[PDB]
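Written out below as structure tokens is the structure these notes cover.
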Amino acid sequence: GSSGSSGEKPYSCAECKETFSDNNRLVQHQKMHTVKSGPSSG
Ligand SMILES: [Zn+2]
Numbered sequence: 001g002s003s004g005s006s007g008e009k010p011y012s013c014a015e016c017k018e019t020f021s022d023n024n025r026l027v028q029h030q031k032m033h034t035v036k037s038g039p040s041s042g
């Protein structure tokens, strides 16, 4: 019962290797990679 490397999705990321059952999630995740507002959290 987790969210990662579990199941096959039509939306995959060739950058971080993340899956997204829904495009919407991927779309927002794509841009999330290029952020120029605030620094990481750590
Ligand atoms: Zn990604």
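Note that the deposited numbering gives residue 3 to position 3 of the sequence shown, counting from 1, and the numbers run on in steps of one.
The C-beta atom is built at its ideal place from N, Cα and C for all residues, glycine as well.
Rounded distance between the beta-carbons of residue j and residue i, thought under 8 Å
| i | j | result |
| --- | --- | --- |
| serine 21 | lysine 31 | About 18 Å; that fails the 8 Å criterion. |
| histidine 33 | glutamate 18 | At roughly 10 Å, the Cβ-Cβ gap does not stay under 8 Å, so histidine 33 and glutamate 18 are not in contact. |
Own chain residues within Cβ distance below 6 Å of residue i, not counting five before or after
| i | result |
| --- | --- |
| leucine 26 | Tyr11 and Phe20 |
| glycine 1 | none |
Close-in-space but distant-in-sequence residues of the same chain around residue i (CB under 7 Å, 5 per side omitted)
| i | result |
| --- | --- |
| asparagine 23 | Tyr11 |
Residues of its chain near residue i, where Cβ-Cβ distance is below 8 Å and the 5 sequence neighbours each way are ignored
| i | result |
| --- | --- |
| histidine 29 | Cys13, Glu18 and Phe20 |
Rounded straight-line distance, which links the Cα of residue j to that of residue i
| i | j | result |
| --- | --- | --- |
| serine 6 | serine 40 | 26 Å |
Closer than 6 Å is what we want: which residues have a beta carbon that near any heavy atom of ligand 1? List them in chain order.
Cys13, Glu15, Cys16, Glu18, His29 and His33
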